[PDB]
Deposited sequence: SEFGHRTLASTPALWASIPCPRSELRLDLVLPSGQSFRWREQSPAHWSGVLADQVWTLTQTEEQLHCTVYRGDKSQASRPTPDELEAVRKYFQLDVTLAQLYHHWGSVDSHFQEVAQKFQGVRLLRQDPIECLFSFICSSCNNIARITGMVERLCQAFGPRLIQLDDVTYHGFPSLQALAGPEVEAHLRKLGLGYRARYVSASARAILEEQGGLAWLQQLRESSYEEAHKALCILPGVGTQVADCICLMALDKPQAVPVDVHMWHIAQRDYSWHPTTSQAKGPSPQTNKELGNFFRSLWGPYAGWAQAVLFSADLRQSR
């Protein structure tokens, strides 16, 4: 059929594949696990969302990642658009090599890794990542997903429509900085988070030097990046780490949330040493982050993604 979300079976000539074993990527363990909140399994095993300013549907077989794009006459994805997908999933990073290393230096990781292969980090846009996680504050993935769709629907560029779903690109800084945005977001149910969205958009455009400021952070060191980000309203240590890890190429960035705390205590019998508090606090969270870094190495943030994602399946 010419309409609705496609499936690999229904429109074969419209899909192109990318060599990618499931051991290197598990869409069902990455896409809905709290990295990006903009992917939906519209059809069993088929995930649709905006990628590189276009709508796509992705699905995998044992050795292939099948892709289709909705831009003109419908056609299979081109090699270049396909590279956009490989970039998004950072496929040049061999997951089996990381899993092996983490497994060698951490017996518990190896145990869990046996049943959760394919968890890697998406390489996201700084803007979407910054605002999606500002909304993650005291929030569950599903509610977060809801706020983000509404926020994009109301302020993002309109793309194409599949069935009764109209896709929207992520809002720009200018749109998020616009007048009465907060009030509109509040009506969209973002709660106090509405305030931070507006505030951080204005702060970036009117105080920090605009988009270029956020983007040039990719070249900065994790330490610098993380400090800069904590300036913005609504961006604390956790939100800042999520951003450094998922959007600024800071693989040693380790987000420390309630999940990681439970994991630390329950699976590593971890306790704060230099910290004053016994539970979550700005000092204990920092310490726990350094604990995971000393334990997993330069890509601790990625290792973190595996266990976090695995901890959601509980």
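- Counting from residue 1 of the deposited sequence, the stretches lacking C-alpha coordinates in this chain are 72-74, 318-319.
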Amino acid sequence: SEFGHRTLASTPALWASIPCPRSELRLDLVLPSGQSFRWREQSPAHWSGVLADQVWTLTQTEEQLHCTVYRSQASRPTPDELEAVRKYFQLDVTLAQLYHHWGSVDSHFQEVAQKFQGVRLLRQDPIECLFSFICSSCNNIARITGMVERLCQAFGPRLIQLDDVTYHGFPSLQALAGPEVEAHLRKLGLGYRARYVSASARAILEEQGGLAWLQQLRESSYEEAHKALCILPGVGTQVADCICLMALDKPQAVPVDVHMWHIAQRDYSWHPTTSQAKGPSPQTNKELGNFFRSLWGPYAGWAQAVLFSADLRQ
From here on, numbers count along this sequence of modelled residues.
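- For the pair 141-149 and 104-112, the mean Cα B-factor is higher in 104-112.
- Between the stretches 209-217 and 92-100, it is 209-217 that shows the larger average CA temperature factor.
- Residue-level inspection of the entry shows that, of 252, 35, 285, 48, 285 has the top Cα B-factor.
- By the numbers in the PDB entry, the CA B factor is greatest at 276 among 60, 269, 57, 276.
- The entry lists a Cα temperature factor for residue 290 that places it in the middle third of the chain's modelled residues.
- Ranked against the other modelled residues of its chain, the C-alpha B-factor of residue 229 as given in the entry falls in the highest third.
- In the deposited entry, the Cα temperature factor of residue 79 places it in the highest third of its chain's modelled residues.
- Looking at the C-alpha B-factors along this chain, the one for residue 312 belongs to the highest third.
- For residue 163, the recorded CA B-factor ranks within the lowest third of the chain. Only modelled residues enter the ranking.
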